[PDB]
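Content type mmCIF, C-alpha atoms (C1' of nucleotides), from the file data-v2.cif:
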```cif
data_my_file
#
loop_
_atom_site.group_PDB
_atom_site.id
_atom_site.type_symbol
_atom_site.label_atom_id
_atom_site.label_comp_id
_atom_site.auth_asym_id
_atom_site.auth_seq_id
_atom_site.Cartn_x
_atom_site.Cartn_y
_atom_site.Cartn_z
ATOM 1 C CA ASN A 1 94.115 113.137 76.064
ATOM 2 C CA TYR A 2 90.522 112.132 75.130
ATOM 3 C CA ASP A 3 91.336 112.536 71.471
ATOM 4 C CA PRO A 4 93.692 109.528 71.064
ATOM 5 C CA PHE A 5 93.390 107.960 74.538
ATOM 6 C CA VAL A 6 92.258 109.004 78.005
ATOM 7 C CA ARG A 7 94.823 109.415 80.752
ATOM 8 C CA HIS A 8 94.407 110.880 84.224
ATOM 9 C CA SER A 9 97.266 112.381 86.137
ATOM 10 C CA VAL A 10 96.897 113.447 89.753
ATOM 11 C CA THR A 11 99.352 113.405 92.637
ATOM 12 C CA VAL A 12 97.860 113.039 96.108
ATOM 13 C CA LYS A 13 99.871 114.104 99.163
ATOM 14 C CA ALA A 14 98.071 112.034 101.799
ATOM 15 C CA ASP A 15 97.619 108.349 100.801
ATOM 16 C CA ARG A 16 95.281 106.276 98.599
ATOM 17 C CA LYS A 17 92.452 106.110 101.139
ATOM 18 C CA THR A 18 92.243 109.887 101.420
ATOM 19 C CA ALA A 19 92.422 110.027 97.621
ATOM 20 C CA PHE A 20 89.565 107.528 97.270
ATOM 21 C CA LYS A 21 87.632 109.203 100.099
ATOM 22 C CA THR A 22 87.946 112.615 98.497
ATOM 23 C CA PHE A 23 87.318 111.365 94.958
ATOM 24 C CA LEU A 24 84.209 109.262 95.553
ATOM 25 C CA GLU A 25 82.797 110.345 98.912
ATOM 26 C CA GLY A 26 84.132 113.808 99.519
ATOM 27 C CA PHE A 27 82.378 115.274 96.501
ATOM 28 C CA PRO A 28 80.559 117.873 98.723
ATOM 29 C CA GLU A 29 83.807 118.762 100.553
ATOM 30 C CA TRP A 30 85.721 120.145 97.569
ATOM 31 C CA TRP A 31 85.176 123.635 96.138
ATOM 32 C CA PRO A 32 85.668 123.449 92.262
ATOM 33 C CA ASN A 33 82.366 121.981 90.954
ATOM 34 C CA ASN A 34 80.404 120.703 93.938
ATOM 35 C CA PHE A 35 80.237 124.306 95.197
ATOM 36 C CA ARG A 36 76.424 124.053 95.353
ATOM 37 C CA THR A 37 73.517 122.454 97.237
ATOM 38 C CA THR A 38 70.881 120.028 95.811
ATOM 39 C CA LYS A 39 72.823 120.581 92.671
ATOM 40 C CA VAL A 40 76.235 119.508 91.619
ATOM 41 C CA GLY A 41 77.172 119.669 95.232
ATOM 42 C CA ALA A 42 75.055 117.814 97.747
ATOM 43 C CA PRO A 43 75.377 115.363 100.714
ATOM 44 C CA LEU A 44 76.424 112.325 98.651
ATOM 45 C CA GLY A 45 78.186 112.661 95.311
ATOM 46 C CA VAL A 46 78.543 108.961 94.522
ATOM 47 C CA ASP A 47 76.783 105.722 95.404
ATOM 48 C CA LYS A 48 79.106 103.121 96.916
ATOM 49 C CA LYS A 49 76.966 99.987 96.858
ATOM 50 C CA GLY A 50 76.146 100.301 93.182
ATOM 51 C CA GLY A 51 78.893 102.455 91.792
ATOM 52 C CA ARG A 52 77.093 105.485 90.423
ATOM 53 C CA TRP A 53 77.650 109.230 90.886
ATOM 54 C CA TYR A 54 74.627 111.149 92.259
ATOM 55 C CA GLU A 55 73.923 113.905 94.727
ATOM 56 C CA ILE A 56 70.914 114.911 96.785
ATOM 57 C CA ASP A 57 68.642 117.325 94.939
ATOM 58 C CA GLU A 58 65.741 118.906 96.831
ATOM 59 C CA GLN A 59 63.365 116.841 94.689
ATOM 60 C CA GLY A 60 65.512 113.721 94.952
ATOM 61 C CA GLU A 61 68.886 113.035 93.369
ATOM 62 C CA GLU A 62 70.682 115.703 91.397
ATOM 63 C CA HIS A 63 73.156 115.101 88.615
ATOM 64 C CA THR A 64 74.418 111.702 87.603
ATOM 65 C CA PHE A 65 78.178 112.182 87.289
ATOM 66 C CA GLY A 66 79.318 108.700 86.311
ATOM 67 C CA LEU A 67 78.423 105.070 85.655
ATOM 68 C CA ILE A 68 80.960 103.121 87.681
ATOM 69 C CA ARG A 69 82.102 99.815 86.227
ATOM 70 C CA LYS A 70 84.437 98.944 89.082
ATOM 71 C CA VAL A 71 84.411 100.231 92.629
ATOM 72 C CA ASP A 72 87.613 98.629 93.882
ATOM 73 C CA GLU A 73 88.127 100.293 97.301
ATOM 74 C CA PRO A 74 91.051 102.770 97.823
ATOM 75 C CA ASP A 75 92.814 101.303 94.798
ATOM 76 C CA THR A 76 90.909 101.515 91.523
ATOM 77 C CA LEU A 77 87.751 103.085 90.146
ATOM 78 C CA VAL A 78 86.586 102.388 86.612
ATOM 79 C CA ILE A 79 83.832 104.879 85.778
ATOM 80 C CA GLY A 80 81.829 105.981 82.765
ATOM 81 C CA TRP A 81 80.723 109.360 81.425
ATOM 82 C CA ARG A 82 78.107 111.550 83.068
ATOM 83 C CA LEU A 83 78.068 115.258 83.869
ATOM 84 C CA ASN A 84 76.282 118.157 85.586
ATOM 85 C CA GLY A 85 72.754 119.496 85.239
ATOM 86 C CA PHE A 86 74.025 122.296 83.033
ATOM 87 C CA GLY A 87 74.156 123.024 79.298
ATOM 88 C CA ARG A 88 75.703 119.638 78.851
ATOM 89 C CA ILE A 89 75.810 116.769 76.397
ATOM 90 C CA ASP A 90 74.086 113.477 77.221
ATOM 91 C CA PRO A 91 75.943 110.195 78.057
ATOM 92 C CA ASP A 92 76.139 109.499 74.293
ATOM 93 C CA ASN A 93 79.828 108.937 74.898
ATOM 94 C CA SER A 94 79.917 106.240 77.595
ATOM 95 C CA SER A 95 83.533 107.453 78.083
ATOM 96 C CA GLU A 96 84.883 104.811 80.393
ATOM 97 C CA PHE A 97 88.252 104.926 82.128
ATOM 98 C CA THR A 98 90.275 102.947 84.636
ATOM 99 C CA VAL A 99 91.217 105.208 87.526
ATOM 100 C CA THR A 100 94.440 103.716 88.839
ATOM 101 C CA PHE A 101 95.524 104.958 92.249
ATOM 102 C CA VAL A 102 99.145 104.015 92.906
ATOM 103 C CA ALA A 103 100.002 104.064 96.608
ATOM 104 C CA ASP A 104 103.377 105.661 97.309
ATOM 105 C CA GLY A 105 104.849 105.324 100.796
ATOM 106 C CA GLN A 106 101.236 105.113 102.007
ATOM 107 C CA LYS A 107 101.277 108.926 102.197
ATOM 108 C CA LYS A 108 101.238 109.675 98.523
ATOM 109 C CA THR A 109 99.158 108.413 95.650
ATOM 110 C CA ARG A 110 99.602 108.997 91.956
ATOM 111 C CA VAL A 111 96.468 108.240 89.982
ATOM 112 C CA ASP A 112 96.650 107.406 86.313
ATOM 113 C CA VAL A 113 93.637 106.782 84.139
ATOM 114 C CA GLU A 114 94.038 104.436 81.248
ATOM 115 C CA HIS A 115 91.295 103.785 78.746
ATOM 116 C CA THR A 116 90.940 103.695 74.972
ATOM 117 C CA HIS A 117 87.611 103.298 73.159
ATOM 118 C CA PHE A 118 84.857 105.756 74.028
ATOM 119 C CA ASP A 119 87.322 108.357 75.249
ATOM 120 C CA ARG A 120 88.936 108.488 71.791
ATOM 121 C CA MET A 121 85.829 110.467 70.724
ATOM 122 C CA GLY A 122 87.909 113.675 70.781
ATOM 123 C CA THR A 123 87.349 116.431 68.245
ATOM 124 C CA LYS A 124 83.566 116.247 67.652
ATOM 125 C CA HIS A 125 82.393 114.380 70.745
ATOM 126 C CA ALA A 126 84.853 116.235 72.945
ATOM 127 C CA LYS A 127 83.688 119.617 71.600
ATOM 128 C CA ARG A 128 80.132 118.890 72.734
ATOM 129 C CA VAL A 129 81.724 117.663 75.971
ATOM 130 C CA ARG A 130 83.355 121.110 76.211
ATOM 131 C CA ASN A 131 79.908 122.641 76.909
ATOM 132 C CA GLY A 132 80.019 122.432 80.691
ATOM 133 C CA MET A 133 82.232 119.514 81.700
ATOM 134 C CA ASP A 134 85.425 121.409 80.858
ATOM 135 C CA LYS A 135 84.584 123.938 83.559
ATOM 136 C CA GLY A 136 84.047 121.340 86.250
ATOM 137 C CA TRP A 137 85.806 117.995 86.677
ATOM 138 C CA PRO A 138 89.255 119.063 85.257
ATOM 139 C CA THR A 139 88.886 121.981 87.652
ATOM 140 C CA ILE A 140 87.886 119.512 90.352
ATOM 141 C CA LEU A 141 91.146 117.601 89.949
ATOM 142 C CA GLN A 142 93.087 120.780 90.708
ATOM 143 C CA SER A 143 91.230 121.589 93.927
ATOM 144 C CA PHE A 144 91.159 117.831 94.595
ATOM 145 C CA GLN A 145 94.938 117.718 94.885
ATOM 146 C CA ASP A 146 94.973 121.021 96.764
ATOM 147 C CA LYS A 147 92.248 120.145 99.294
ATOM 148 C CA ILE A 148 94.089 116.863 99.838
ATOM 149 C CA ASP A 149 97.407 118.727 99.958
ATOM 150 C CA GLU A 150 95.987 120.456 103.020
ATOM 151 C CA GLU A 151 94.894 117.111 104.479
ATOM 152 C CA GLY A 152 98.446 115.990 105.191
ATOM 153 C CA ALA A 153 101.159 118.311 103.905
ATOM 154 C CA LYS A 154 100.048 121.942 103.808
ATOM 155 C CA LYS A 155 97.354 122.564 106.413
ATOM 156 C "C1'" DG B 1 72.171 124.508 53.859
ATOM 157 C "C1'" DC B 2 70.377 127.739 56.064
ATOM 158 C "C1'" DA B 3 68.157 129.960 60.391
ATOM 159 C "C1'" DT B 4 68.059 128.809 64.975
ATOM 160 C "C1'" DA B 5 70.407 127.927 69.748
ATOM 161 C "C1'" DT B 6 73.723 126.576 72.989
ATOM 162 C "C1'" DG B 7 78.466 126.352 74.009
ATOM 163 C "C1'" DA B 8 83.178 126.854 73.049
ATOM 164 C "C1'" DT B 9 86.283 128.978 70.415
ATOM 165 C "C1'" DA B 10 87.470 133.143 67.496
ATOM 166 C "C1'" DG B 11 88.053 138.099 66.322
ATOM 167 C "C1'" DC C 1 78.213 141.612 68.531
ATOM 168 C "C1'" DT C 2 79.494 138.989 64.471
ATOM 169 C "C1'" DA C 3 81.581 134.827 62.913
ATOM 170 C "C1'" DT C 4 83.267 130.154 62.809
ATOM 171 C "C1'" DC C 5 83.341 125.459 64.620
ATOM 172 C "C1'" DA C 6 80.803 121.334 66.070
ATOM 173 C "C1'" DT C 7 76.486 119.336 67.211
ATOM 174 C "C1'" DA C 8 71.394 119.210 67.324
ATOM 175 C "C1'" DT C 9 66.731 121.005 66.414
ATOM 176 C "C1'" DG C 10 63.713 122.844 62.736
ATOM 177 C "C1'" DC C 11 62.559 123.994 58.225
#
```

Target format structure tokens, applied to this file:
Amino acid sequence: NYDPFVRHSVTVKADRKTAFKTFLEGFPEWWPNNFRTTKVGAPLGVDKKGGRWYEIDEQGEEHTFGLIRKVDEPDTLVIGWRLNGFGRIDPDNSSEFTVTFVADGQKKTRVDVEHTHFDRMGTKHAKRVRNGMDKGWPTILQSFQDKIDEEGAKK
DNA sequence: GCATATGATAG
DNA sequence: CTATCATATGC
């Protein structure tokens, strides 16, 4: 994706609320990217009342990790581009996407992202994205499903 | 366009 | 390490 269109694909083994909880609140409780303190990895991750991804740096708020357009409870999250305090590219992309959590049996949730405009920036814009984002959030989604897999299936 | 540099991708 | 690809700075 992210060259023609952006799609997200994640299967959660617990339910949509655990998915939403993990995705937007449980930032500090994963271990793929947030594996830090006052960094990418702090006691927050995202702001609920405004819809904006931030964590608690020692000097204030560490990395902005998204500009949320829609914070629609355990259901849907439309967010925009933002990344880690690393060797990253700036939010020159906007990269917005509709995170669609589909509740299955209320103990499973398949999320699909659908967006097509800023995400299409693949090739050039995605190569500068590759700087540090490629080694974080895509990795997050793996441990996301696994941490959650332990929440009500494995552990 | 070339020397950087950073960042990923080549070898 | 040199390159080669992209992007940006720097000249």

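For the choices A:17, A:137, A:148, A:127, the atom-to-atom distance to residue 9 of chain B is smallest for A:127 when using only C-alpha atoms (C1' of nucleotides).
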
**OP:** For chain B, list the residues within 10 Å of chain A, counting only C-alpha atoms (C1' of nucleotides), and write the list as a list in words.
**Re:**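 Per the criterion, chain B yields residues 6, 7, 8 and 9 of chain B.
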
Residues of chain A that approach chain C to 10 Å or less, counting all atoms listed in the file: could you list each one with the shortest pair of atoms and its distance in Å to one decimal, rows by chain and increasing residue number, as CSV?
```
residue,atom,partner,partner_atom,distance
A:89,CA,C:7,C1',9.6
A:123,CA,C:6,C1',8.5
A:124,CA,C:6,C1',6.0
A:125,CA,C:7,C1',8.5
A:126,CA,C:6,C1',9.5
A:127,CA,C:6,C1',6.5
A:128,CA,C:7,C1',6.6
```

**OP:** Decode the PyMOL selection byres ((chain A and resi 116) around 8) for the given file into explicit residues and return them as a PyMOL selection string.
**Re:** chain A and resi 4-6+97+114-115+117-120

Subject >> Between atom CA of residue 106 of chain A and atom CA of residue 15 of chain A, distance in Å (one decimal) >> reply: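 Going from atom CA of residue 106 of chain A over to atom CA of residue 15 of chain A covers 5.0 Å.
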
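Distance-wise, atom CA of residue 27 of chain A and atom CA of residue 65 of chain A end up 10.6 Å apart.
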
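The coordinates place atom CA of residue 121 of chain A at 24.9 Å from atom CA of residue 24 of chain A.
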
**OP:** Excluding residue 25 of chain A and residues on its chain fewer than 5 positions from it, collect all residues at most 8 Å away from it, counting all atoms listed in the file, and give them as a PyMOL selection string.
**Re:** chain A and resi 20+44-46

**OP:** Evaluate the PyMOL selection byres ((chain A and resi 14) around 12) on the structure here and hand back the selected residues as a PyMOL selection string.
**Re:** chain A and resi 11-13+15-22+103-110+144-155

Write out the residues from the selection above, keeping C-alpha atoms, as a short mmCIF file (atom, residue, chain, number, x, y, z; two decimals), keeping the file's coordinate frame.
```cif
data_model
loop_
_atom_site.label_atom_id
_atom_site.label_comp_id
_atom_site.auth_asym_id
_atom_site.auth_seq_id
_atom_site.Cartn_x
_atom_site.Cartn_y
_atom_site.Cartn_z
CA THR A 11 99.35 113.40 92.64
CA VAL A 12 97.86 113.04 96.11
CA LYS A 13 99.87 114.10 99.16
CA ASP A 15 97.62 108.35 100.80
CA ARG A 16 95.28 106.28 98.60
CA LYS A 17 92.45 106.11 101.14
CA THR A 18 92.24 109.89 101.42
CA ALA A 19 92.42 110.03 97.62
CA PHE A 20 89.56 107.53 97.27
CA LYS A 21 87.63 109.20 100.10
CA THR A 22 87.95 112.62 98.50
CA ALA A 103 100.00 104.06 96.61
CA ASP A 104 103.38 105.66 97.31
CA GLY A 105 104.85 105.32 100.80
CA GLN A 106 101.24 105.11 102.01
CA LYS A 107 101.28 108.93 102.20
CA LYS A 108 101.24 109.68 98.52
CA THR A 109 99.16 108.41 95.65
CA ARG A 110 99.60 109.00 91.96
CA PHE A 144 91.16 117.83 94.60
CA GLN A 145 94.94 117.72 94.88
CA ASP A 146 94.97 121.02 96.76
CA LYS A 147 92.25 120.14 99.29
CA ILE A 148 94.09 116.86 99.84
CA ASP A 149 97.41 118.73 99.96
CA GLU A 150 95.99 120.46 103.02
CA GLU A 151 94.89 117.11 104.48
CA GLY A 152 98.45 115.99 105.19
CA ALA A 153 101.16 118.31 103.90
CA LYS A 154 100.05 121.94 103.81
CA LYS A 155 97.35 122.56 106.41
#
```

Original post:
Which neighbours of residue 42 of chain A fall inside 6 Å, counting all atoms listed in the file, when residues of the same chain fewer than 3 positions from it are skipped, and could you give them as a PyMOL selection string?
Top reply: chain A and resi 28+37-38+55-56

Dump C-alpha atoms for the selected residues as a PDB file, in the coordinates of the input?
```
ATOM      1  CA  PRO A  28      80.559 117.873  98.723  1.00  0.00           C
ATOM      2  CA  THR A  37      73.517 122.454  97.237  1.00  0.00           C
ATOM      3  CA  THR A  38      70.881 120.028  95.811  1.00  0.00           C
ATOM      4  CA  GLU A  55      73.923 113.905  94.727  1.00  0.00           C
ATOM      5  CA  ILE A  56      70.914 114.911  96.785  1.00  0.00           C
TER       6      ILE A  56
END
```

Original post:
Once you count all atoms listed in the file, which residues end up no further than 10 Å from (103.2, 111.6, 86.7) in the file's frame, shown as an NGL selection string?
Top reply: :A and (8-11 or 110-112)

**OP:** I need the residue set behind the PyMOL selection byres ((chain A and resi 85) around 6) for this file; please write it as JSON, numbers by chain.
**Re:** {"A": [63, 84, 86]}

Can you spit out the residues from that selection as a PDB file, in the frame of the given file, using C-alpha atoms?
```pdb
ATOM      1  CA  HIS A  63      73.156 115.101  88.615  1.00  0.00           C
ATOM      2  CA  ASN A  84      76.282 118.157  85.586  1.00  0.00           C
ATOM      3  CA  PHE A  86      74.025 122.296  83.033  1.00  0.00           C
TER       4      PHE A  86
END
```

Write only N, CA, C and O atoms for segment 48-63 of chain A from the block just shown, as a CSV table (one decimal), in the first residue's frame.
```csv
chain,number,residue,atom,x,y,z
A,48,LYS,N,-6.9,11.9,24.0
A,48,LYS,CA,-8.3,11.5,23.7
A,48,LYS,C,-9.2,12.7,23.3
A,48,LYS,O,-10.0,12.6,22.4
A,49,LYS,N,-9.1,13.7,24.1
A,49,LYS,CA,-10.1,14.8,24.0
A,49,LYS,C,-9.8,15.7,22.8
A,49,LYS,O,-10.7,16.5,22.4
A,50,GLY,N,-8.7,15.6,22.2
A,50,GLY,CA,-8.4,16.4,21.0
A,50,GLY,C,-8.1,15.5,19.8
A,50,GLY,O,-8.3,16.0,18.7
A,51,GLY,N,-7.6,14.3,20.1
A,51,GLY,CA,-7.3,13.4,19.0
A,51,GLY,C,-6.0,13.8,18.4
A,51,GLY,O,-5.8,14.3,17.3
A,52,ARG,N,-4.9,13.5,19.1
A,52,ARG,CA,-3.6,13.8,18.7
A,52,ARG,C,-2.6,12.9,19.5
A,52,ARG,O,-2.6,12.8,20.7
A,53,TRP,N,-1.6,12.3,18.8
A,53,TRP,CA,-0.7,11.4,19.4
A,53,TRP,C,0.5,12.1,20.0
A,53,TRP,O,1.3,12.7,19.3
A,54,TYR,N,0.7,12.0,21.3
A,54,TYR,CA,1.8,12.5,22.0
A,54,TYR,C,2.2,11.7,23.2
A,54,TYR,O,1.3,11.1,23.8
A,55,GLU,N,3.4,11.8,23.7
A,55,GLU,CA,3.8,11.1,24.9
A,55,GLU,C,4.5,12.0,25.8
A,55,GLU,O,4.9,13.1,25.4
A,56,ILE,N,4.8,11.6,27.0
A,56,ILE,CA,5.3,12.5,28.0
A,56,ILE,C,6.9,12.4,28.0
A,56,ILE,O,7.5,11.5,28.6
A,57,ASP,N,7.5,13.4,27.4
A,57,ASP,CA,8.9,13.7,27.5
A,57,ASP,C,9.2,14.3,28.9
A,57,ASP,O,8.4,14.7,29.6
A,58,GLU,N,10.5,14.2,29.3
A,58,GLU,CA,10.9,14.8,30.5
A,58,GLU,C,10.8,16.3,30.5
A,58,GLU,O,10.6,16.9,31.6
A,59,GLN,N,10.9,16.9,29.4
A,59,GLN,CA,10.8,18.3,29.2
A,59,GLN,C,9.3,18.7,28.9
A,59,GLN,O,9.0,19.9,28.8
A,60,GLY,N,8.5,17.7,28.7
A,60,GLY,CA,7.1,18.0,28.3
A,60,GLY,C,6.5,16.9,27.5
A,60,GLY,O,6.2,15.8,28.1
A,61,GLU,N,6.2,17.1,26.3
A,61,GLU,CA,5.6,16.0,25.5
A,61,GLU,C,6.5,15.6,24.3
A,61,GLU,O,6.9,16.4,23.5
A,62,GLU,N,6.9,14.3,24.4
A,62,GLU,CA,7.7,13.8,23.3
A,62,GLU,C,6.7,13.5,22.1
A,62,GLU,O,5.5,13.8,22.1
A,63,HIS,N,7.3,12.9,21.1
A,63,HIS,CA,6.9,12.8,19.7
A,63,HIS,C,5.4,12.9,19.5
A,63,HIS,O,4.6,12.2,20.1
```
